[PDB]
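Colleague: Got a structure here, written out as structure tokens. Questions coming.
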Amino acid sequence: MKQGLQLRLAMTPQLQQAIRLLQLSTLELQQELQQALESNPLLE
Amino acid sequence: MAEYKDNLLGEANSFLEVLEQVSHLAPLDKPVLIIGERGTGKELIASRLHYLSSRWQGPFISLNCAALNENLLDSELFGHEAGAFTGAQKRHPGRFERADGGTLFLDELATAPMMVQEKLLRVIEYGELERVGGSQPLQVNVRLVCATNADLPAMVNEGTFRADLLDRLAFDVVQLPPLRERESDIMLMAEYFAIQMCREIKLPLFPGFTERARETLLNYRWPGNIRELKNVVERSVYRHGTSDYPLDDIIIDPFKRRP
Amino acid sequence: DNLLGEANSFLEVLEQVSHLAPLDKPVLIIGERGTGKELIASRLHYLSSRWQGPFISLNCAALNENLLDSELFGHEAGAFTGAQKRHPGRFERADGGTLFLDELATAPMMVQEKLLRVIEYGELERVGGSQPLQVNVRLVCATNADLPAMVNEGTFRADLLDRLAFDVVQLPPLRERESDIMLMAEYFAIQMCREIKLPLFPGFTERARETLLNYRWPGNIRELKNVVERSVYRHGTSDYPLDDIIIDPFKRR
Amino acid sequence: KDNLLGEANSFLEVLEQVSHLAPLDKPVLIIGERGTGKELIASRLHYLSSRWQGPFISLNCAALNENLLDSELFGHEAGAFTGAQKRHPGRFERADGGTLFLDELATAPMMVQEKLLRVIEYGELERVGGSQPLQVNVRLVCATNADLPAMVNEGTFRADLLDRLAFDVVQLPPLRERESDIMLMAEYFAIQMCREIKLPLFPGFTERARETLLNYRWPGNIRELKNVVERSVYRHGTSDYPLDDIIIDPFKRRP
Amino acid sequence: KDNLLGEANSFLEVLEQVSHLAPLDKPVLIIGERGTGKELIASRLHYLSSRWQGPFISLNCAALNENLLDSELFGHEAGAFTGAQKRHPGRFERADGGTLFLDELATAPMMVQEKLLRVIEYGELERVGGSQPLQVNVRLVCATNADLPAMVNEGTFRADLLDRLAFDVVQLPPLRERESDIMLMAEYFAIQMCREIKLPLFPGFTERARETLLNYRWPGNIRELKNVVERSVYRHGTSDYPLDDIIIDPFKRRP
Amino acid sequence: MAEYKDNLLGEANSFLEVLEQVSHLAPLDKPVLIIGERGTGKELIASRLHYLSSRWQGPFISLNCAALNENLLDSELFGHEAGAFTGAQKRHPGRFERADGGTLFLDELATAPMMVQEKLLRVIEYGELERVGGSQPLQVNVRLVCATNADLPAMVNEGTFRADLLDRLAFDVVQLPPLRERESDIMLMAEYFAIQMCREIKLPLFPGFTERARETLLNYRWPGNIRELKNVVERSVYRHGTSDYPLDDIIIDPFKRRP
Amino acid sequence: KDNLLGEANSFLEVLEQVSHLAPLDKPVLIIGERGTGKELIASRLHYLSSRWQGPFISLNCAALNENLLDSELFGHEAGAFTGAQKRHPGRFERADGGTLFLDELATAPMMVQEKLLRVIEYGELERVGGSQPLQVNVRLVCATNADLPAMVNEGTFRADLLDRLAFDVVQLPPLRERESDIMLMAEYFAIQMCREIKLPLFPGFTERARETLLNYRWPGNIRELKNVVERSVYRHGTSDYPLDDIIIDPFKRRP
């Protein structure tokens, strides 16, 4: 319209931890995945 | 199927024939243009078209060209997808984008935005609309309905309306009879309005229509086919009448100032 | 309830006020420049069956932000927390009562169609609030500064008001009578002796009082009150009768 | 590749010119009668253009807001204004290689004419406070009912706007100008419309009214003929109605 | 209170009217020349009113662009503002119980006039997200140089709005019309200029200078008085010799 | 060092001498003012100057007064550091702030905003720039270059151009020749354009310019110096031709509608 | 203090009056010829004023934007609107005691005139929704090429806008006017142009062309003379060129 404009969510916990593991390393992520799969009963 | 009309606001002289022709063209979804008194027999025309519209579940989209201002009208017309348009956020479904397959009930506001008229000529050019900053166009389908309140050819010759805008649309033009021209259902519509007013105001009985009141109503030009007549009926009802006086000195004209 | 100098024409005006206050039929009243026809609305509301109902009178001129739809239901869903404390719409706030409309002469075009639609069919939808509207509260319109000629001049819609207005209320100017304007001036003088704590007026001489009545009183009762206030301040005492009449504040010496 | 063109001598020559210029990404001009649908030929050429597999997004010049013209030709970088996020490519940047048919080009203002002259150059797109402009090559297309030389003589359009045009200004002959296969094309359009509106056909048919309307102005060179045909079909409301008492005069009041 | 110039009998009556307006908390209009300190006199009268120690609002009429009453006037102390939400004091809300002089109130917008009409009549301006419209205890004042009687007749403002906003409008006589404070204000200006510019003394208005001051039309009035102070400062020369020609024109080119 | 111009769209008669004088003034970094036909001989001259521009790595940031809207123009001109003017965020590098030490390439847009001209008067006053809401002004350096198309004195007398704008500017005048006047490299430029068209369009050979084509081009007014000839040549090439006719019935003027 | 002032009777009187009013911080108008370098003389006098060691920030009157009038004349409190942080004092508030040299005031708008009239008030820096205004005292100076009396007669200049300057208007003589140090200023300009053009000196020298150009209007009283001298020096292309065949005519097509 005019030279004017306007400005326009929130989450936490699980997705935060999921994103945190992404910040890790390659072999560290491999070890973390191996450890996580040790308890997972529906993972291959 | 068949959708019942909300009101029996029809004229015996030629409105029945007009309705018959409209039903003949009702199954067709082509560019349809109506004409009649602004706000009186034109809104009724749109409602009747919606009732006689083919199929169901069609979102009856109605808008006024005087509203939506000027700068923000384009965002609602073409749609809004890019950022900083309508507060950004999600792609704002524009007025044309909001109605997909529904009736686009036009209003004869005769908006001076002939630029908006040219843009709407593209809104119905091949059945598509592109949102603001839209990466790719979108072929949107929706029924088109128009009504008129003035002489479209006079506006085109005088330039008040774009000639190409008129040429593209209005596969047919339908003019509603003037209130001064029909003069058929005057008594019937008066009685129906009186009954409705009595029901709404819980009047114990319809006071009745006097011949002098009938003579004055016939003398009234009634510029508004469905509104000014309805206004006069509401004025007489609010003024009311005694049990003995069915309509003696019934106040048809409300605009008059008191003594 | 409210001091009033109802005349023959105002008798029919009060009859219409009763017929539209009690019966929830929509009303359209016309006042003068300084008529203050709002007092008649308050009297009718008390006379209406919704005297204990909500009494919200809106001056339809302070439209802020995008208003329009948001005025009838503040959505404000673009940003911020999302929960809106204030959100009582126009119909909701005065539901079960009277809906007085003021300063609608200089109303916008967008508001007009929505208001016309929101009365008959309602169905007001917005993010912050949504309701079918048409609260069946008696609809009241006044402060008609724009004449019906001005309304025909595109300032107002013809059909929408025509359907909406089942009745009208006329108000002759204070130049017509000037007696109730004298009675209203006496009432304002009592109110001044009360709040403004006026000890006693200077009094009035016949020539000055007639000249004040001879004045066209364009501002009606508002002009009368302002003129009385100007005379009292100019006299500033209750010593001698005010043998002169202040035509207008604008002057020099 | 769907317009009901008459394929007459003029129509075939125009189609050949469009196909020849379809591979060229240079800007082209469209003259003639608007409301008749020269834009359909433009869309056909854009599909037949070299950037056939390219995002083609036309635009109406009159559609852009005056104070939002900058946001129309570009995108807010969000490094300014109250608006946030943004960083959205403009319609041209949204296409960025397709065909942008300039609609309402004659409706472009002097400010719009100057903005087009600025866009006569290639790419160099700088957003709101942009660090560097971005160059994006896209094929250009324009249409205008009014005479660009007439506007330039009036000075309404900028000179560079006329200089922005590079390819031939394809001029559309009016309804009376060609009038070679308009009967056949209109009959095909009427048949298609009848099939769409569940109308089988017109048993009355006939072309005496059609032959007479061949000597008719038809200001809407193509759209007006179809609209009048649809109006006649609907008003007659019958199939066994020959081309008798049928004229192009929907606004006309009967006696 | 504050030192002020103008000691005429008409000036005494104007001061009497100012003090009377001080007793009346109702809104009033002070008519006179801008550039005379009318707002300062309004503030002094307010100090002489009941609110001897009260706030004062400059309340310039043409001081806001694209800002609402709930933006600065009523303010946005309450939350839930569009977009960003934060507290914002309102001058009308803050200056309640103080002084609210209107600066150049004749230079106000039509929408501004419409909002001011409701603010003056109802007395409950309210705020965006403000649950309580409340009341402002300040007394509305105004001091401008334009004539609303002409503006109102011109439709520049609403007649009923002005009538509600104006009750005891009084006009201060011009100093040029007065032509009496000229000697007093001239001596005061000479003393003030000698103090400020650290001059030895007031040179003295010679017979030519005194006649020039007396015969000067003084179009600026107190603005012309300030111009006279400036011109005397420019032509101060030596305090030893009287200013022979006090009156001079800066636009005039010497020799 | 020496950077060859991408194109040398100049006139043999005197644009060679004009280029020589430009090279003579090339070392200086003062206000360099070019002039000539708008859209034709103007930004080609700008590119030639940028090739002859002193030093290297200079941001030849080009701005057109038509763009930047109206309200947003000032913020992008002076830059913006404080919030609420550039939406806070980073200190917005303004259009002037974008090129530090670079050429300020001007276009003869003739900004109707005298406020824009007044801002530009302070732009080159002492070599300084302060951001919007900036607590401290910043002295900046940059080169200046412009091209012209209208009589700046005529507008200044008409008040269309501010006297102060021309007083601060217009240190030296460099007017490009009109097309109807040079008439020298017309054959050379025509041959270059024809060769370029044949190369780009993969034409087997240049059809050649007939004497009738050359005579028509000489008679052609050609309001645009360097582009109108280019556009006409493009239109003639688009019209195309067999190998038999070198330039018979060549459609140089595409504005002419067909029969 | 770097300007090569002509030191003419006009120039010397101007410098002397500037020094005399240099200690005074009151508003003043530097009248005469703009383009001729009022800004440089303004900087020299600011270095020569009472507060020589002060932050002086000048700007163009019409540099800013209309919607950002508040954001330019003040600082964004950031309490409202999408603006964040901010709380940055304006350039006038950035000087905070310095000289607010008014330049290009002739292009100021009516809103700009209202803002200047607000500035006529003593300080009073109130932001958007700010708590209370702040009174900040800074030196004021004005320069323009047009007659503010002419604008006020046209009504363009507000009465307060005319009264904004608190001193008599000091006019700058034109080149056709002063014409006194024309030889000296010409020699200094020729030396500077030769030094910039890497030319040690002009062996031709002489002032016959300079004398002929002395009998010229030279509307850009200093700007035009300097531009023309530089242009002639560049055009000669040889040092051994006397003041013959040299004139001021950049626009004219050379024969």
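Letters for chains follow the order of the structure tokens (A, B, ...), residue numbers begin at 1 for each chain, and ligand numbers begin at 1 in the order shown.
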Select residues of chain E: the criterion is any atom within 8 Å of an atom of chain G, counting only C-alpha atoms; output as an NGL selection string.
Modeller: :E and (34-35 or 60 or 62-66 or 71-73 or 75-76 or 81-91 or 197 or 220 or 223 or 226-227 or 230-231 or 233-234 or 249-251 or 253)
Colleague: With 7 Å as the limit and counting only C-alpha atoms, what residues in chain F lie close to chain D? Please list them as a PyMOL selection string.
Modeller: chain F and resi 39+66-69+76+85-87+89+92-95+98+227-228+231+234-235+238+254-255+257
Colleague: After a least-squares superposition of chain D onto chain E, with every Cα atom paired in order, give the RMSD to one decimal place.
Modeller: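 2.1 Å is the C-alpha RMSD between the two chains.
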Colleague: Please report, as a ChimeraX atom specification, each residue of range 15-231 of chain E to which DSSP assigns alpha helix (DSSP H) when run on this structure's backbone.
Modeller: /E:15-21,38-48,91-94,110-122,148-153,159-165,175-178,181-196,207-215,222-231
Colleague: Tell me, as a VMD selection string, which residues lie within 8 Å of range 238-252 of chain C, counting only C-alpha atoms; anything in the same chain fewer than 6 positions away does not count.
Modeller: (chain C and resid 199 to 209 211 to 212 215 227 230 to 231) or (chain E and resid 167 to 173)
Colleague: For the residues in the current selection, export C-alpha atoms as a PDB file, in the first residue's frame.
Modeller:
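Generated file (part.pdb):
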```
ATOM      1  CA  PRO C 199     -24.065  32.785  43.611  1.00  0.00           C
ATOM      2  CA  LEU C 200     -26.672  34.746  41.638  1.00  0.00           C
ATOM      3  CA  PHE C 201     -27.046  35.890  38.052  1.00  0.00           C
ATOM      4  CA  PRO C 202     -26.858  39.588  37.164  1.00  0.00           C
ATOM      5  CA  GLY C 203     -30.402  39.218  35.900  1.00  0.00           C
ATOM      6  CA  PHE C 204     -31.690  40.145  32.475  1.00  0.00           C
ATOM      7  CA  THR C 205     -33.301  43.225  30.957  1.00  0.00           C
ATOM      8  CA  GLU C 206     -36.160  42.800  28.492  1.00  0.00           C
ATOM      9  CA  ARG C 207     -34.208  44.291  25.585  1.00  0.00           C
ATOM     10  CA  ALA C 208     -31.154  42.099  26.191  1.00  0.00           C
ATOM     11  CA  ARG C 209     -33.200  38.938  26.715  1.00  0.00           C
ATOM     12  CA  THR C 211     -32.031  40.319  21.560  1.00  0.00           C
ATOM     13  CA  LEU C 212     -30.609  37.016  22.785  1.00  0.00           C
ATOM     14  CA  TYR C 215     -30.307  35.995  17.827  1.00  0.00           C
ATOM     15  CA  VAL C 227     -24.222  32.633  25.766  1.00  0.00           C
ATOM     16  CA  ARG C 230     -20.481  34.364  28.603  1.00  0.00           C
ATOM     17  CA  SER C 231     -23.018  36.822  30.016  1.00  0.00           C
TER      18      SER C 231
ATOM     19  CA  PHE E 167     -17.326  29.474  25.159  1.00  0.00           C
ATOM     20  CA  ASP E 168     -15.507  32.690  26.234  1.00  0.00           C
ATOM     21  CA  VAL E 169     -13.332  33.472  23.216  1.00  0.00           C
ATOM     22  CA  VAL E 170     -11.709  36.866  23.846  1.00  0.00           C
ATOM     23  CA  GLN E 171      -9.386  38.859  21.566  1.00  0.00           C
ATOM     24  CA  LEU E 172      -6.277  40.605  22.853  1.00  0.00           C
ATOM     25  CA  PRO E 173      -5.850  44.010  21.152  1.00  0.00           C
TER      26      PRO E 173
END
```
Colleague: Which neighbours of residue 242 in chain G fall inside 9 Å, counting only C-alpha atoms, when residues of the same chain fewer than 6 positions from it are skipped, and could you give them as a list in words?
Modeller: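 Here the answer would be residues 202, 203, 204, 205, 206, 207, 208 and 209 of chain G.
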Colleague: Could you save the residues just selected, with C-alpha atoms, as a short mmCIF file (atom, residue, chain, number, x, y, z; two decimals), in the first residue's frame?
Modeller:
```cif
data_model
loop_
_atom_site.label_atom_id
_atom_site.label_comp_id
_atom_site.auth_asym_id
_atom_site.auth_seq_id
_atom_site.Cartn_x
_atom_site.Cartn_y
_atom_site.Cartn_z
CA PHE G 202 49.59 29.14 -16.69
CA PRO G 203 52.35 30.90 -18.66
CA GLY G 204 49.76 32.91 -20.57
CA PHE G 205 48.20 34.17 -17.33
CA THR G 206 46.66 37.63 -17.81
CA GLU G 207 43.14 38.76 -16.94
CA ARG G 208 41.75 40.17 -20.22
CA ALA G 209 39.38 37.21 -20.36
#
```
Colleague: Env of residue 156 in chain D: 9 Å cut, atoms = only C-alpha atoms, seq-sep filter 2 positions within chain, self excluded. Answer as a PyMOL selection string.
Modeller: chain D and resi 108-110+113+150-154+158
Colleague: Restricting the output to C-alpha atoms, write the selected residues as an mmCIF file, in the first residue's frame.
Modeller:
```cif
data_model
loop_
_atom_site.group_PDB
_atom_site.id
_atom_site.type_symbol
_atom_site.label_atom_id
_atom_site.label_comp_id
_atom_site.auth_asym_id
_atom_site.auth_seq_id
_atom_site.Cartn_x
_atom_site.Cartn_y
_atom_site.Cartn_z
ATOM 1 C CA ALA D 108 1.171 3.230 -16.829
ATOM 2 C CA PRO D 109 1.696 6.686 -15.296
ATOM 3 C CA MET D 110 4.638 9.052 -15.714
ATOM 4 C CA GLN D 113 6.743 5.157 -17.227
ATOM 5 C CA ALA D 150 0.370 8.928 -29.376
ATOM 6 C CA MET D 151 1.169 8.774 -25.660
ATOM 7 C CA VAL D 152 4.769 9.850 -26.302
ATOM 8 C CA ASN D 153 3.573 12.758 -28.443
ATOM 9 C CA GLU D 154 1.249 13.558 -25.553
ATOM 10 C CA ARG D 158 8.406 8.365 -21.031
#
```
Colleague: Per residue of chain C within 9 Å of chain B, record the nearest atom pair and its distance in Å to one decimal, counting only C-alpha atoms, with rows in chain order and ascending residue number, as CSV.
Modeller:
```
residue,atom,partner,partner_atom,distance
C:8,CA,B:259,CA,7.2
C:9,CA,B:259,CA,5.1
C:10,CA,B:258,CA,7.9
C:12,CA,B:258,CA,7.6
C:13,CA,B:258,CA,7.9
C:15,CA,B:239,CA,8.9
C:16,CA,B:238,CA,7.3
C:19,CA,B:238,CA,6.8
C:20,CA,B:238,CA,7.8
C:23,CA,B:201,CA,6.5
C:24,CA,B:201,CA,8.0
C:25,CA,B:201,CA,7.2
C:78,CA,B:87,CA,6.6
C:79,CA,B:87,CA,8.7
C:108,CA,B:67,CA,8.7
C:109,CA,B:67,CA,6.1
C:110,CA,B:67,CA,4.7
C:111,CA,B:67,CA,8.6
C:113,CA,B:64,CA,8.2
C:148,CA,B:255,CA,7.7
C:157,CA,B:39,CA,8.9
C:158,CA,B:39,CA,7.9
C:159,CA,B:227,CA,5.1
C:160,CA,B:39,CA,7.3
C:161,CA,B:231,CA,8.4
C:162,CA,B:231,CA,4.7
C:163,CA,B:231,CA,5.2
C:164,CA,B:231,CA,7.8
C:165,CA,B:231,CA,7.0
C:166,CA,B:234,CA,4.4
C:167,CA,B:235,CA,5.0
C:168,CA,B:254,CA,6.0
C:169,CA,B:257,CA,7.3
C:170,CA,B:257,CA,4.8
C:171,CA,B:258,CA,7.4
C:172,CA,B:258,CA,7.9
```
Colleague: Can you list, as a ChimeraX atom specification, every protein, DNA or RNA residue that comes within 10 Å of residue 39 in chain C when you count only C-alpha atoms, leaving out same-chain residues fewer than 5 positions away?
Modeller: /C:1-4,44-45
Colleague: When the cut-off is 9 Å and we count only C-alpha atoms, which residues of chain F are near chain A, given as an NGL selection string?
Modeller: :F and (69-72)
Colleague: Keeping only C-alpha atoms, write the selected residues as a CSV table (one decimal), in the first residue's frame.
Modeller:
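Saved the output as out.csv:
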```
chain,number,residue,atom,x,y,z
F,69,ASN,CA,9.3,5.6,-3.9
F,70,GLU,CA,8.7,8.9,-2.0
F,71,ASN,CA,8.9,8.4,1.8
F,72,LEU,CA,11.5,5.6,1.6
```
Colleague: Could you tell me how far CA of residue 83 in chain B lies from CA of residue 136 in chain B, in Å and to one decimal?
Modeller: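 According to the coordinates, CA of residue 83 in chain B and CA of residue 136 in chain B are separated by 15.1 Å.
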Colleague: Looking only at the backbone, which of the residues in range 10-257 of chain F does DSSP tag as strand (DSSP E or B), as an MDAnalysis selection string?
Modeller: chainID F and resid 32:33 35 61:63 80 92 103:106 129 132 138 143:146 175
Colleague: How about saving the chosen residues, N, CA, C and O atoms kept, as a short mmCIF file (atom, residue, chain, number, x, y, z; two decimals), in the first residue's frame?
Modeller:
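out_29.cif written:
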```cif
data_model
loop_
_atom_site.label_atom_id
_atom_site.label_comp_id
_atom_site.auth_asym_id
_atom_site.auth_seq_id
_atom_site.Cartn_x
_atom_site.Cartn_y
_atom_site.Cartn_z
N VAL F 32 31.67 15.25 -12.80
CA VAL F 32 31.72 15.06 -14.24
C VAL F 32 30.29 15.00 -14.74
O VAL F 32 29.51 14.14 -14.30
N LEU F 33 29.93 15.91 -15.64
CA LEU F 33 28.57 16.00 -16.13
C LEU F 33 28.55 15.67 -17.61
O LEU F 33 29.23 16.32 -18.41
N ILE F 35 25.87 14.83 -21.03
CA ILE F 35 24.56 15.25 -21.51
C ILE F 35 24.38 14.64 -22.89
O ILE F 35 25.34 14.17 -23.50
N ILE F 61 28.05 2.81 -8.22
CA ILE F 61 26.68 2.60 -7.78
C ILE F 61 25.79 3.60 -8.51
O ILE F 61 25.97 4.81 -8.39
N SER F 62 24.84 3.08 -9.27
CA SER F 62 23.94 3.89 -10.09
C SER F 62 22.58 3.95 -9.42
O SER F 62 22.06 2.92 -8.96
N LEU F 63 22.01 5.15 -9.36
CA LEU F 63 20.69 5.36 -8.78
C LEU F 63 19.84 6.18 -9.74
O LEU F 63 20.35 7.09 -10.41
N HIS F 80 20.52 4.86 7.41
CA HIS F 80 19.71 4.78 8.62
C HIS F 80 20.43 3.94 9.66
O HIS F 80 20.75 2.78 9.40
N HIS F 92 21.35 0.65 8.46
CA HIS F 92 21.08 0.38 7.05
C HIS F 92 22.07 1.14 6.18
O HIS F 92 22.12 2.38 6.24
N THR F 103 31.83 6.05 -7.86
CA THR F 103 31.14 7.03 -8.70
C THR F 103 29.66 7.08 -8.34
O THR F 103 29.00 6.05 -8.21
N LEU F 104 29.15 8.30 -8.18
CA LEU F 104 27.72 8.52 -7.95
C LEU F 104 27.08 8.77 -9.32
O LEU F 104 26.86 9.90 -9.74
N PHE F 105 26.77 7.67 -10.01
CA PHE F 105 26.26 7.70 -11.38
C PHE F 105 24.84 8.23 -11.36
O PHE F 105 23.92 7.60 -10.83
N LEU F 106 24.65 9.42 -11.94
CA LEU F 106 23.33 10.03 -11.95
C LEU F 106 22.60 9.76 -13.26
O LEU F 106 23.21 9.64 -14.33
N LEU F 129 27.96 12.42 5.53
CA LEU F 129 26.70 11.68 5.51
C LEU F 129 26.35 11.21 6.91
O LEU F 129 27.16 10.59 7.60
N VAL F 132 19.96 7.99 9.42
CA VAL F 132 18.68 8.41 9.97
C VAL F 132 18.64 8.08 11.46
O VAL F 132 18.79 6.92 11.86
N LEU F 138 28.73 11.52 9.56
CA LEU F 138 29.92 10.83 9.07
C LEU F 138 30.36 11.45 7.75
O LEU F 138 29.57 11.54 6.81
N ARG F 143 33.09 9.50 -5.86
CA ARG F 143 33.14 10.21 -7.13
C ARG F 143 31.73 10.50 -7.64
O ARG F 143 30.75 9.90 -7.20
N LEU F 144 31.64 11.43 -8.58
CA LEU F 144 30.36 11.88 -9.11
C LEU F 144 30.39 11.86 -10.63
O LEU F 144 31.38 12.27 -11.25
N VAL F 145 29.31 11.37 -11.23
CA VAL F 145 29.14 11.32 -12.68
C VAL F 145 27.66 11.41 -13.00
O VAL F 145 26.83 10.85 -12.27
N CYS F 146 27.31 12.10 -14.09
CA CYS F 146 25.91 12.28 -14.46
C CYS F 146 25.77 12.37 -15.97
O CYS F 146 26.72 12.69 -16.69
N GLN F 175 27.85 17.52 -23.65
CA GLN F 175 26.60 17.19 -24.33
C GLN F 175 26.85 16.19 -25.45
O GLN F 175 27.71 16.40 -26.31
#
```
Colleague: Enumerate as an mmCIF file with C-alpha atoms, in the first residue's frame the residues belonging to chain C that approach chain A to within 12 Å, with only C-alpha atoms taken into account.
Modeller:
```cif
data_model
loop_
_atom_site.group_PDB
_atom_site.id
_atom_site.type_symbol
_atom_site.label_atom_id
_atom_site.label_comp_id
_atom_site.auth_asym_id
_atom_site.auth_seq_id
_atom_site.Cartn_x
_atom_site.Cartn_y
_atom_site.Cartn_z
ATOM 1 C CA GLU C 65 -6.297 1.336 12.968
ATOM 2 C CA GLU C 76 -5.741 -8.228 16.275
ATOM 3 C CA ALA C 77 -4.397 -11.650 15.269
ATOM 4 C CA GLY C 78 -1.448 -10.277 13.298
ATOM 5 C CA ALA C 79 1.009 -10.167 16.164
ATOM 6 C CA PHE C 80 1.538 -10.006 19.950
ATOM 7 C CA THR C 81 0.253 -12.599 22.424
ATOM 8 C CA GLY C 82 -3.077 -13.226 20.680
#
```
Colleague: Which residues are near range 10-24 of chain A? Cut-off 12 Å, only C-alpha atoms, ignore same chain within fewer than 6 positions. Put them as an MDAnalysis selection string.
Modeller: (chainID A and resid 30:33 36) or (chainID C and resid 80:81)
Colleague: Any chance you can output those residues with C-alpha atoms as a short mmCIF file (atom, residue, chain, number, x, y, z; two decimals), in the first residue's frame?
Modeller:
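Output (out-v9.cif):
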```
data_model
loop_
_atom_site.label_atom_id
_atom_site.label_comp_id
_atom_site.auth_asym_id
_atom_site.auth_seq_id
_atom_site.Cartn_x
_atom_site.Cartn_y
_atom_site.Cartn_z
CA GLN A 30 26.95 -41.90 15.66
CA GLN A 31 27.66 -42.85 19.27
CA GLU A 32 24.56 -40.99 20.46
CA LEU A 33 22.41 -42.76 17.87
CA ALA A 36 19.58 -44.20 21.75
CA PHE C 80 1.54 -10.01 19.95
CA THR C 81 0.25 -12.60 22.42
#
```
Colleague: For the atom pair CA of residue 25 in chain F and CA of residue 244 in chain G, what is the interatomic distance in Å to one decimal place?
Modeller: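 The value is 22.0 Å.
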